[PDB]
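Here the structure comes first, spelled out in structure tokens, and everything after it is commentary.
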Amino acid sequence: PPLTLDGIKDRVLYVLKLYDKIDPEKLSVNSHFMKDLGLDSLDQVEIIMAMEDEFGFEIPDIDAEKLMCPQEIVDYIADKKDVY
Amino acid sequence: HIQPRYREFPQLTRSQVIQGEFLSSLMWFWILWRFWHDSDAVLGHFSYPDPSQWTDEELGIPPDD
Amino acid sequence: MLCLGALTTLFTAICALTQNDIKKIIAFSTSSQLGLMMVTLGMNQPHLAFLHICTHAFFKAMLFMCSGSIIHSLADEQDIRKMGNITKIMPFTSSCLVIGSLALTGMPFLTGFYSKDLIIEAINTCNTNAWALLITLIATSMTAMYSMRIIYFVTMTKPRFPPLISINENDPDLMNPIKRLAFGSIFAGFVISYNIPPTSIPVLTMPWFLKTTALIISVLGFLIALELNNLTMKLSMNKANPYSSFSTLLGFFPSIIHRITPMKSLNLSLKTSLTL
Amino acid sequence: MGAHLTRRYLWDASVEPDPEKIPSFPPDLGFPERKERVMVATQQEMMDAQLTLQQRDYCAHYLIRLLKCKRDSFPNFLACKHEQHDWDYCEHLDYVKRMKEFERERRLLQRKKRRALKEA
Amino acid sequence: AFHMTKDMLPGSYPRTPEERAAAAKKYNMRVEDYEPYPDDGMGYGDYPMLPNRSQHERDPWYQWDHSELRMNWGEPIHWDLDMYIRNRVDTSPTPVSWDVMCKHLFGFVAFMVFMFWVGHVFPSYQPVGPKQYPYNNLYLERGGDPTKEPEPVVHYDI
Amino acid sequence: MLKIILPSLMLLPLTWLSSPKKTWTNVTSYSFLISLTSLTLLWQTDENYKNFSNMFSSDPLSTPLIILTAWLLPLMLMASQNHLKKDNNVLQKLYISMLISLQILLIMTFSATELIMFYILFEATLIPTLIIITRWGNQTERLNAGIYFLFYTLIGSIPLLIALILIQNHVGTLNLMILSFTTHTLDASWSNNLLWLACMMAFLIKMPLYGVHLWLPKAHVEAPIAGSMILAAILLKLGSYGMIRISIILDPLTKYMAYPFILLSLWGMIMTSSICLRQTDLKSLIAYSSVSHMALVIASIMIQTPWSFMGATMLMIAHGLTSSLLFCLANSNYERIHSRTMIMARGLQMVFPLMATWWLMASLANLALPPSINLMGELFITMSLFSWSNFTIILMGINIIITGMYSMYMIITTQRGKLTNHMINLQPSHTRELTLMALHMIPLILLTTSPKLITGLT
Amino acid sequence: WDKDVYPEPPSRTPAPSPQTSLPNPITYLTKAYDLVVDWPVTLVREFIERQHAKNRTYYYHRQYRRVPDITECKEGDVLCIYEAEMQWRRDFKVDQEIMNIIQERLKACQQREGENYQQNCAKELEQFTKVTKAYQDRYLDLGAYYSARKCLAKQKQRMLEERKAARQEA
Amino acid sequence: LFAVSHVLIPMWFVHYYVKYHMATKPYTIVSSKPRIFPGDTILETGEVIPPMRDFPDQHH
Amino acid sequence: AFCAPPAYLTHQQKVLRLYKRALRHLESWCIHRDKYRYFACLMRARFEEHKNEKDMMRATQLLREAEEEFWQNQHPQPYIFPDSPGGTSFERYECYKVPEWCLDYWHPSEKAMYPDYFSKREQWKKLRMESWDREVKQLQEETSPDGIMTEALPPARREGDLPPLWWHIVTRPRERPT
Amino acid sequence: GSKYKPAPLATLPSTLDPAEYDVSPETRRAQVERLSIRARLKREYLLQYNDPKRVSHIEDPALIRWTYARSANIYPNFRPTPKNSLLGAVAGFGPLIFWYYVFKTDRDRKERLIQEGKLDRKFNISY
Ligand SMILES: CCCCCCCCCCCCCCCCCC(=O)OC[C@H](COP(=O)(O)OCCN)OC(=O)CCCCCCCCCCCCCCCCC
Ligand SMILES: CCCCCCCCCCCCCCCCCC(=O)OC[C@H](COP(=O)(O)OCCN)OC(=O)CCCCCCCCCCCCCCCCC
Ligand SMILES: CCCCCCCCCCCCCCCCCC(=O)OC[C@H](COP(=O)(O)OCCN)OC(=O)CCCCCCCCCCCCCCCCC
């Protein structure tokens with residue numbers, strides 16, 4: 001199947017709900033990883049990497065030093081695989 | 001057509017399992033059938049002679065001197 | 001050619017042991033088997049060399065389309081590292097893969113066995129380079145090893161594929177041909193060997209160690225490889241670099257002879273022959 | 001890959017025979033009388049059965065039989081089985097013939113060495 | 001020559017320092033990075049001596065105007081970009097040092113070649129005497145002359 | 001042979017008298033038929049060559065060419081209808097006539113019995129060519145290119161003029177028929193060793209040898225497509241035709257006076273082939289491809305073994321057709337791209353699907369793919385060269401590997417890879433462009449079916 | 001085709017001697033080929049040849065009669081020598097298709113006698129040297145400008161040798 | 001069935017070509033011998049190949 | 001690929017981009033998962049310590065010895081994803097990404113079918129020409145007051161204006177043309 | 001403890017490059033500047049390629065300066081030195097003289113053997 005946004009949206013949400021540091025009952029799209037979820041920059045490297053392994057592609061470094069809202073990840077992933 | 005599954009063991013169709021066990025089982029029936037009917041995988045069926053038991057008469061080893 | 005066939009057999013086989021691309025491992029095996037084919041031509045045994053060509057075609061074709069099935073079914077993952085437990089997720093290809101793997105390793109009474117051990121014992125019985133004779137036999141154990149590498153990593157391991165799973169091999173166009181070749185891989189050696197004209201006057205008389213050498217070396221080849229794969233699961237020695245590299249980046253023939261020759265051959269045209 | 005190589009390469013030498021020139025002592029180094037080998041097939045029979053030169057061994061005669069029963073019995077390629085055993089056997093009996101000749105040449109050369117020390 | 005003045009095209013080796021800084025403009029470079037190719041009169045002229053690194057290690061993610069040459073529009077092209085293109089020579093760092101590579105590869109080659117020689121010296125041959133062919137080693141059938149009979153080569157039992 | 005010629009002359013009246021709008025079709029349609037009359041010469045049911053009349057003859061070596069010379073005029077006039085369609089209606093009728101005179105002159109030169117008739121017509125072909133290159137040449141440097149094309153040929157030409165007048169006094173007639181059936185055996189003096197060089201050098205110059213080939217890269221670069229087709233397909237081969245008919249005399253010296261050229265050509269073949277490997281201008285690469293594949297020919301017209309000559313005749317006709325095909329498609333890219341650079345314009349198959357098939361077949365003709373006359377040709381020259389000295393395979397063996405590399409590189413960096421982002425959008429292919437190609441390759445496919453016709457005199 | 005210019009040996013075929021109950025998969029097929037492939041074609045072909053035989057026409061061989069050769073021919077007389085270089089360039093080909101036939105007759109004799117080619121096929125290889133040693137002795141050194149004057153010299157350079165060597169032996 | 005179409009129609013032609021050009025021309029389709037064995041009859045001439053000798057080695 | 005390259009790299013982005021190469025080159029050595037997830041939380045430890053070093057000099061001396069430890073302890077064949085550089089499927093489906101300015105030379109017959117497609121295409125081309133002026137002016141009115149210019153381009157900043165130099169980030173050939 | 005050792009090929013990676021790690025303020029100033037040249041050139045390609053109403057060929061003059069430098073700015077910058085004429089004669093006449101003594105010696109060996117009667121020339125009926 002092709003990736004509908006409202007799905008990709010749930011998938012990125014889901015994985016985070018499995019990261020122990022990020023509360024499972026607060027992670028809310030638009031909850032910036034660092035200033036809200038309060039995750040270390042070192043973490044964000046990993047959070048992205050999980051996503052790169054959930055969706056099977058590489059978020060380039062420069063474009064991934066900024067995937068901090070838990071939503072930017074949901075449109076960037078979608079914009080990458082051309083999901084309208 | 002099948003349905004995508006997320007973090008679960010993909011459901012399998014009757015045919016997928018039966019055909020797979022079919023091809024493998026015939027492989028084993030053939031290996032067993034031939035082994036029984038033709039076990040020349042080991043020993044061939046001709047035994048190596050011990051080259052060191054040939055009476056000196058057999059080879060023409062003259063009596064020394 | 002007996003000599004160079006022999007060097008390619010092991011050189012290619014050793015490279016295959018550490019390659020982590022499924023298609024790449026099969027391709028190296030294509031070269032290693034032809035290295036054995038080159039060896040028989042080098043030992044002036046033309047008819048049996050042709051016999052391996054036919055048997056080689058059935059099983060290698062199977063393994064590559066088997067991986068075609070795995071690569072297409074997964075999200076185009078061509079790396080053994082992210083592919084696992086295909087045996088339960090896709091028994092049809094896994095069954096075809098092991099049938100092909102055992103044929104590649106010369107399992108007794110399968111198409112490889114009818115032609116391959118004739119070639120092995122031919123070596124063990126002819127007058128030949130000692131270095132060629134030893135490398136060809138360990139090359140045979142290596143064929144079992146990398147064969148073991150593929151099924152352990154690709155089939156018998158916890159799955160490591162991306163989380164969404166969408167696998168379908170039901171399409172008749174996948175099964176049918178894979179099914180048809182599998183029938184050939186199982187019965188072709190039986191049919192071709194009996195039907196062909198008597199040729200080459202083989203030597204069936206051997207000390208038993210040499211008569212059964214192909215069988216045993218293949219068996220311990222897998223045995224040793226299975227031992228090494230188990231060592232991996234443990235939590236220890238993350239990195240292992242015992243000349244692993246020479247093996248993993250193709251013996252370094254690609255890294256060095258592909259950067260120097262194309263560089264020194266073009267520099268001379270532009271800089272020297274053209275402009276000067 | 002036998003122990004014969006060890007004996008020759010490693011350790012001793014001038015005893016283990018040389019692969020080439022195996023037939024090196026007179027056909028009768030103490031062999032009283034030995035009838036030359038016998039070839040059952042006529043030089044022509046072979047030429048009419050188109051046997052590959054190499055396959056024209058002293059077993060050429062059992063081969064022609066196999067080939068006969070393989071053309072006849074055509075649709076059935078699994079039934080000329082006794083004929084193959086025979087050929088093979090004939091091939092073994094000469095495989096061992098060759099084995100015996102090599103061992104005889106080995107021993108005879110040893111005779112020479114043993115006789116050598118009788119010398120002085 | 002649509003829109004190209006000689007002074008917008010290359011010229012002679014920049015002798016005085018003002019000329020070295022004028023050329024650096026032409027080539028859209030920084031005046032302290034223009035390092036003219038050595039003046040040995042082999043033609044290079046004022047063409048910048050850009051680092052000899054292949055397009056292979058140019059960041060593979062950035063949106064290079066010319067995607068496949070991994071070169072932007074305006075950036076000085078390398079003299080040998082006909083060789084360092086992605087389809088040809090590579091100069092991309094390797095996990096193993098180059099020397100280590102050259103020595104190891106050739107060592108392997110040599111050891112092998114040598115061992116093969118140790119082999120030819122000490123071959124492997126079973127305890128079997130020579131094969132015996134009938135007639136006179138098939139003299140006539142090996143195509144021998146029918147008229148001239150050969151010295152009989154006889155083979156005896158046992 | 002005055003039907004292949006008189007009807008040709010009459011083309012000139014038709015290009016001039018005809019309507020400005022209808023001038024192109026009258027000329028192209030009529031010379032297609034002029035080629036059909038040319039095909040009659042191929043009817044040789046006997047060894048005796050065809051001496052049409054005192055001055056005009058056609059033997060196996062000339063006949064395969066006269067037909068090619070007549071064939072390309074149609075094509076040349078079809079490849080230059082685009083550029084040259086921006087002219088004033090009297091510049092066109094001049095270009096069309098110039099192209100017409102080239103084959104009138106070239107048809108006669110290839111069909112000439114008297115060797116000096118060859119010289120007068122031989123060196124006349126420069127007038128029409130220099131006008132085509134200099135007057136309509138796009139680049140600033142064609143004035144220079146024209147000078148190079150006139151002087152290299154001219155300085156070679158006056159020695160041949162002295163040599164041929166010299167043999168006429170020594171033998172008494174420059175008639176190729178008689179000169180052949182008469183005893184002209186040079187005497188290996190120091191002077192004769194010069195005569196031989198005088199006769200061969202003018203032919204060796206327009207057949208680019210490694211030493212004097214700089215004229216051809218410069219000339220084809222700025223020459224218009226029709227001039228580049230003529231230079232590669234018919235003009236360079238004028239030098240080969242001359243070497244075949246002139247070495248009938250000077251029979252003894254070439255046994256030992258050829259080594260210099262043979263080595264110049266075979267080493268030249270390697271270096272010319274190699275510089276093709278990194279040359280940014282596509283027309284530049286095809287031109288050096290032409291030098292190398294013509295360096296093989298001067299090394300077969302000098303070894304002088306039946307097969308060489310046969311290989312030469314096969315390759316010359318074949319490479320002529322292939323080179324034009326390459327020069328013609330290079331032009332189609334040049335007109336939409338507007339630059340000769342090879343690096344730009346990458347990925348065309350993505351946008352011009354068929355032209356790419358023509359590009360692929362042209363490259364496979366360029367390299368030696370086997371069911372092609374191109375390979376038969378090289379296979380034969382290769383054989384004889386091997387006979388001359390078994391070592392020759394090494395040098396004729398580095399050329400084959402290099403020839404494969406540059407031929408495919410032209411396909412790989414021009415017709416594959418990612419598309420160029422946004423050059424001036426590339427308008428689709430005209431049917432003329434594609435036919436001009438089809439007209440080149442369909443004959444290459446047909447000739448390969450029956451190679452006997454272009455087999456040479458030997 | 002002349003059985004004598006392109007010979008062909010008589011055929012000896014072992015007779016059918018089946019020793020198996022199973023049915024030969026070849027004999028059945030042929031029985032079909034002969035009906036669904038041969039009969040249909042056979043019918044058409046005949047109908048071809050009767051269409052031919054109605055207006056049967058003929059074509060002859062163009063016998064070229066002999067004519068004075070070089071050794072009979074005046075020096076410088078371009079007329080006679082022209083007629084005589086053709087008579088040779090003509091026999092340069094007739095003497096070349098002969099060699100084409102021995103190239104061919106042999107090729108067949110090594111496909112028809114495999115594994116015996118070493119022996120059975122030595123009737124022709126003896127001839128392939130009896131014909132090659134001759135072709136080498138009249139037409140080989142010559143350039144691509146092969147002419148009868150040069151064969152006249154290639155020979156006559158050696159007729160000295162069959163006269164200097166002979167005299168030498170004395 | 002259409003299968004017959006491009007298997008039968010091509011076939012007739014080929015046969016037309018192989019049995020009426022090749023066969024007719026000299027040395028265009030040449031074979032090897034039939035591998036006659038001792039004791040098997042030659043159809044064309046009528047001869048019966050003489051049998052081999054009675055080797056009694058056995059001992060299998 | 002989307003955002004523009006920064007001129008120089010900071011200390012952080014160099015450290016935090018090793019945490020990626022490192023952990024990702026540790027999952028080639030640790031082919032399994034439990035072994036990996038183990039051997040990796042041990043990696044973070046290495047980066048976790050020496051996190052608060054305030055002594056830059058030191059920090060750039062731990063980094064310089066980290067990237068040499070790594071270079072000599074890297075895997076020759078790491079796991080690089082498909083669609084990523086070097087590994088397969090990278091430029092696979094680029095043969096089928098035609099550049100969209102090519103539908104402008106289609107024969108009126110071809111474009112005859114596919115009718116509504118070109119009705120929407122002509123709308124978008126009107127959008128593109130309708131703003132080039134307001135765009136370039138924006139690009140300029142907002143130009144740098146210094147020679148310091150980064151490849152970053154401005155957003156819209158006004159209604160109706162289309163965020164600039166946009167015709168080729170939008171209207172990009174689709175990734176998988178298939 | 002093997003240290004990577006860049007060779008003209010297999011060059012020193014970005015990391016493991018001492019220069020990169022430590023850089024003076026001036027160096028940063030450079031880099032911060034070089035981007036400017038590139039950004040400038042980038043914003044001179046990106047609003048001329050993305051320009052509606054354009055049919056003319058974007059030229060990429062940096063490529064035109066390259067070809068001119070490589071095929072039409074060579075001989076105007078030629079000065080015959082040593083290391084250029086010695087090396088400009090070894091390349092043109094060196095092998096050309098090498099192969100002559102390779103082909104003469106072979107052709108002479110062949111001729112002698114043919115003259116003396118040893119070369120077999122068997123079944124060779126072609127040339
Ligand atoms: C057996 C015992 C002894 C063992 C050692 C013996 C020597 C073995 C090697 C002999 C020479 C073999 C040919 C050498 C060149 C091999 C082909 C080659 O290098 O091309 C590969 C090059 C880069 O591709 P690659 O490095 O594979 O990476 C692709 C994925 N990134 O891709 C390219 O396009 C490179 C540029 C190609 C175009 C120009 C190439 C030069 C053409 C002329 C020279 C050809 C080679 C030299 C002449 C022939 C020598 C045999
Ligand atoms: C003439 C000098 C040079 C002039 C060049 C320009 C001329 C242009 C104007 C004239 C064009 C037509 C005249 C030239 C083509 C002549 C065609 C021809 O002669 O066909 C002969 C052939 C009969 O065959 P024949 O050789 O008589 O029989 C051999 C018996 N031993 O009759 C046929 O079989 C016709 C068959 C038609 C279709 C054949 C297609 C076969 C393709 C085979 C190769 C395929 C792969 C090619 C790869 C090429 C790669 C580049
Ligand atoms: C890529 C091919 C690799 C294999 C090449 C060699 C294959 C085997 C053939 C060589 C050995 C043959 C031995 C049997 C004798 C053959 C006939 C003969 O006598 O050869 C003579 C030849 C003379 O050469 P020379 O060194 O000039 O000797 C002058 C003596 N007064 O002496 C020779 O034998 C020369 C041997 C060949 C040398 C040229 C080919 C390899 C080198 C290519 C270099 C290319 C650049 C040329 C030089 C450039 C720099 C100047």
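Ligands are numbered from 1 in the order shown, residues from 1 within each chain, and chains are lettered A, B, ... in the order they appear in the structure tokens.
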
Open item on the list: List as a ChimeraX atom specification the protein and nucleic acid residues near residue G:78, meaning an atom at most 9 Å away when only C-alpha atoms are counted, but skip any in the same chain fewer than 6 places from it.
Closed with: /F:178,181-182

Enumerate as a short mmCIF file (atom, residue, chain, number, x, y, z; two decimals) with N, CA and C atoms, in the first residue's frame the residues within 6 Å of ligand 1, counting only C-alpha atoms and all ligand atoms.
```cif
data_model
loop_
_atom_site.label_atom_id
_atom_site.label_comp_id
_atom_site.auth_asym_id
_atom_site.auth_seq_id
_atom_site.Cartn_x
_atom_site.Cartn_y
_atom_site.Cartn_z
N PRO C 254 39.36 -4.71 -6.66
CA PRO C 254 38.55 -3.56 -7.07
C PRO C 254 39.05 -2.20 -6.57
N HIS C 258 41.23 -0.64 -10.04
CA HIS C 258 40.17 0.07 -10.74
C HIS C 258 40.36 1.56 -10.58
N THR C 261 44.48 2.03 -12.90
CA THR C 261 44.47 1.86 -14.34
C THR C 261 43.59 2.89 -15.02
N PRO C 262 42.35 3.07 -14.57
CA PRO C 262 41.59 4.08 -15.27
C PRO C 262 42.16 5.48 -15.05
N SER C 265 45.54 5.76 -17.30
CA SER C 265 45.36 5.49 -18.72
C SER C 265 44.72 6.67 -19.36
N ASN E 87 31.62 8.40 -13.10
CA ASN E 87 31.65 7.18 -13.86
C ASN E 87 33.07 6.69 -14.08
N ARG E 88 34.05 7.41 -13.57
CA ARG E 88 35.44 7.04 -13.80
C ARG E 88 36.29 7.05 -12.53
N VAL E 89 37.51 7.56 -12.58
CA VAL E 89 38.40 7.48 -11.42
C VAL E 89 37.81 7.96 -10.12
N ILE F 402 40.53 0.24 -26.61
CA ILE F 402 40.25 1.70 -26.51
C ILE F 402 39.02 2.03 -27.36
N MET F 405 35.97 1.44 -25.58
CA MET F 405 35.72 2.42 -24.51
C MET F 405 35.17 3.77 -24.98
#
```

Open item on the list: Among chain D, which ones does DSSP assign to alpha helix (DSSP H) (computed from the backbone)? Answer as JSON, numbers by chain.
Closed with: {"D": [3, 4, 5, 6, 7, 8, 43, 44, 45, 46, 47, 48, 60, 61, 62, 63, 64, 65, 66, 67, 68, 69, 70, 71, 82, 83, 84, 85, 86, 87, 88, 89, 90, 91, 92, 93, 94, 95, 96, 97, 98, 99, 100, 101, 102, 103, 104, 105, 106, 107, 108, 109, 110, 111, 112, 113, 114, 115, 116, 117, 118]}

Task: Polymer residues at most 10 Å from residue G:116, only C-alpha atoms, same-chain spacing of 6 or more positions, as a PyMOL selection string - done: (chain D and resi 46-48+50-53) or (chain E and resi 141-143) or (chain G and resi 109-110+122)

Give me a file of those residues, with N, CA, C and O atoms, as a CSV table (one decimal), in the first residue's frame.
```csv
chain,number,residue,atom,x,y,z
D,46,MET,N,35.7,-51.3,-32.4
D,46,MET,CA,35.7,-50.1,-31.7
D,46,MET,C,35.5,-49.0,-32.7
D,46,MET,O,34.7,-48.1,-32.5
D,47,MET,N,36.2,-49.1,-33.8
D,47,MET,CA,36.1,-48.0,-34.8
D,47,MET,C,34.6,-47.9,-35.3
D,47,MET,O,34.3,-46.9,-35.9
D,48,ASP,N,33.9,-49.0,-35.2
D,48,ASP,CA,32.5,-49.0,-35.7
D,48,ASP,C,31.5,-48.6,-34.6
D,48,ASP,O,30.4,-48.3,-34.9
D,50,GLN,N,32.4,-46.2,-32.7
D,50,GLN,CA,32.8,-44.8,-32.5
D,50,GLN,C,33.1,-44.6,-31.0
D,50,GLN,O,32.6,-43.7,-30.4
D,51,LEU,N,34.0,-45.4,-30.5
D,51,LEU,CA,34.4,-45.2,-29.1
D,51,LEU,C,35.5,-44.1,-29.1
D,51,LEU,O,36.4,-44.2,-29.9
D,52,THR,N,35.4,-43.1,-28.2
D,52,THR,CA,36.4,-42.1,-28.1
D,52,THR,C,37.7,-42.7,-27.9
D,52,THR,O,37.8,-43.7,-27.1
D,53,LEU,N,38.8,-42.2,-28.5
D,53,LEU,CA,40.1,-42.9,-28.4
D,53,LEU,C,40.4,-43.2,-26.9
D,53,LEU,O,40.8,-44.3,-26.6
E,141,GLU,N,45.4,-45.7,-35.1
E,141,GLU,CA,44.3,-44.8,-34.8
E,141,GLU,C,44.5,-43.4,-34.3
E,141,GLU,O,43.7,-42.6,-34.3
E,142,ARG,N,45.7,-43.2,-33.8
E,142,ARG,CA,46.0,-41.9,-33.3
E,142,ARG,C,46.4,-41.2,-34.6
E,142,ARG,O,47.0,-40.2,-34.6
E,143,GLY,N,46.0,-41.9,-35.7
E,143,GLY,CA,46.3,-41.3,-37.0
E,143,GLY,C,47.7,-41.7,-37.6
E,143,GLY,O,48.2,-41.1,-38.5
G,109,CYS,N,34.1,-34.7,-44.1
G,109,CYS,CA,34.8,-35.9,-43.7
G,109,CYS,C,35.3,-36.0,-42.3
G,109,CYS,O,35.9,-37.0,-41.9
G,110,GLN,N,35.1,-35.0,-41.5
G,110,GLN,CA,35.5,-35.0,-40.1
G,110,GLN,C,34.3,-34.7,-39.2
G,110,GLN,O,34.4,-34.7,-38.0
G,122,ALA,N,41.8,-39.5,-43.8
G,122,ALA,CA,43.1,-39.2,-44.2
G,122,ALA,C,43.2,-39.4,-45.7
G,122,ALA,O,44.3,-39.4,-46.2
```

TODO: With a cut-off of 10 Å and counting only C-alpha atoms, select all residues of chain G in contact with chain E and give the selection as a list in words.
DONE: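 The answer, sorted by residue number, is residues 115, 116, 117, 118, 119, 120, 121 and 122 of chain G.
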
Open item on the list: I'd like the neighbourhood of residue A:79 as a ChimeraX atom specification, where a residue qualifies if any of its atoms comes within 12 Å (using only C-alpha atoms), though same-chain residues fewer than 5 positions away should be ignored.
Closed with: /A:3-5,8,59,72-74,84 /I:1-2,169-170,172,174-175

TODO: Report as a VMD selection string which protein, DNA and RNA residues come within 7 Å of ligand 2, using only C-alpha atoms and all ligand atoms.
DONE: chain F and resid 35 39 63 to 65 67 to 68 71 317 361 to 362 364 to 365 369 371 to 372 443 to 454
